[PDB]
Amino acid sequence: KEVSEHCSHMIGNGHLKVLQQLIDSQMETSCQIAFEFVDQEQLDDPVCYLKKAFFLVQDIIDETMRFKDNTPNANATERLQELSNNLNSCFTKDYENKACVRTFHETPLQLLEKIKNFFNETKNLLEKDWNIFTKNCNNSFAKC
């Protein structure tokens, strides 16, 4: 059914810039961190891909993007943490729950890229059709 129309403009360019500045400041290291994310090999559908990613992105924002309190980046994460909560109103639940997901071991920088790409693709789609993520993904998911 219908969802909030606000979802159409939930994600602004201010959110993506804040996200890039955050990325830019990060130091390139060999150290890899472990995190759960969507396995593309088993889930291609662009809509259902982002639909499944949104919930993993949320966890990552809360439980991995840690910055020293009151720093410019910490504030970025504040804004992103809030944005993520508002977006709950734009993603309907699908019947499953741990399939389509794999363990990723990659650089913190390569991770912050995935989050970026998510908020970007998600932004575009929502502009085009702010009911897009009400899609039924039971099958797409089940094909994993």
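Residue numbers run from 1 along the displayed sequence.
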How much of the deposited sequence is absent from the coordinates between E96 and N97: none, 1 to 3, 4 to 9, or 10 or more residues? 1 to 3
Tell me which stretch, 8-16 or 128-136, has the higher mean Cα B-factor listed in the entry. 8-16
Which is higher on average in the deposited entry, the C-alpha temperature factors of 97-105 or of 54-62? 97-105
Among the modelled residues of its chain, the C-alpha B-factor of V47 falls in the third labelled lowest
Third of chain Cα B-factors occupied by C31: highest
Of the three thirds of the chain ranked by Cα temperature factor, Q81 occupies the highest
Quick tally, chain-level thirds of C-alpha B-factors: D39 sits in the lowest
Among the modelled residues of its chain, does the C-alpha B-factor of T92 lie in the lowest, middle or highest third? lowest
